[PDB]
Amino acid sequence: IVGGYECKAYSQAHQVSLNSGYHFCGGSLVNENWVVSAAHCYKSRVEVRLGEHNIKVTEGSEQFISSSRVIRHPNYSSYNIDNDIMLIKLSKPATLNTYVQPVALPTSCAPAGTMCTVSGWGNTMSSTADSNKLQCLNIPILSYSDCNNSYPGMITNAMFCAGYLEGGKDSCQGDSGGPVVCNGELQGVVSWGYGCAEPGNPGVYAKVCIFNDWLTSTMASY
């Protein structure tokens, strides 16, 4: 997260760290057994760390659970990073408490102008911002025209832009797979962008509201 603020410890209870010897992506707990991330974060096996604030310090709030299965969207395509969503089945259910809570899947798509929160342990491009403690950022959803203008012809129906065309504030590498929460629901998944927090290069997110049929269909296929 570039230009954000350190989140109030555990204010983002659904936030998870994806770890394979080190933090490499984020994810969102959507229920006791499932995590939503980015298909570009795919690994056949990962350890999901819940209840985290400072990933480098044991706090007593964490839960480490290995995955029983990692399922990328059947239509994911890397050359254009389309359908950049993945489901992770936990090997054992998370324990919900003061530190671990799921985030609800969107009923409907949020329109342009909606103010949202993005969080993560990715690069902050700041000496002063410690990526080891969860960073938060409020970003507005951009219009389709501003989005397509920024990345001509590269925006599909499974993407939306959010952030600031002037730059300075954005998600960054390491934040990928993380949540974009708007009015208490998971609207996006940190996906891609050109650089981080650069003028004219807003962040691009996977558009969760068009994947609801696939998501629920899969969560019912345990």
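Counting begins at 1, following the sequence as shown.
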Looking at the entry, does 64-72 or 47-55 show the higher mean C-alpha B-factor? 64-72
When the Cα temperature factors in the entry are averaged, is it 28-36 or 171-179 that ends up higher? 28-36
By the CA temperature factor listed in this entry, which of these ranks top: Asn132, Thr117, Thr114, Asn97? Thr114
Going by the deposited entry, which of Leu18, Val204, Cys209, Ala13 has the highest CA temperature factor? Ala13
Should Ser127 be placed in the lowest, middle or highest third of its chain by the C-alpha B factor in the entry? highest
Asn138 - Cα temperature factor, lowest/middle/highest third of chain: highest
Modelled-residue ranking by C-alpha temperature factor, third containing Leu87: middle
The third of the chain into which the C-alpha temperature factor of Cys147 falls is the lowest
Considering every modelled residue of the chain and its Cα B-factor in the PDB entry, is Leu186 in the lowest, middle or highest third? highest
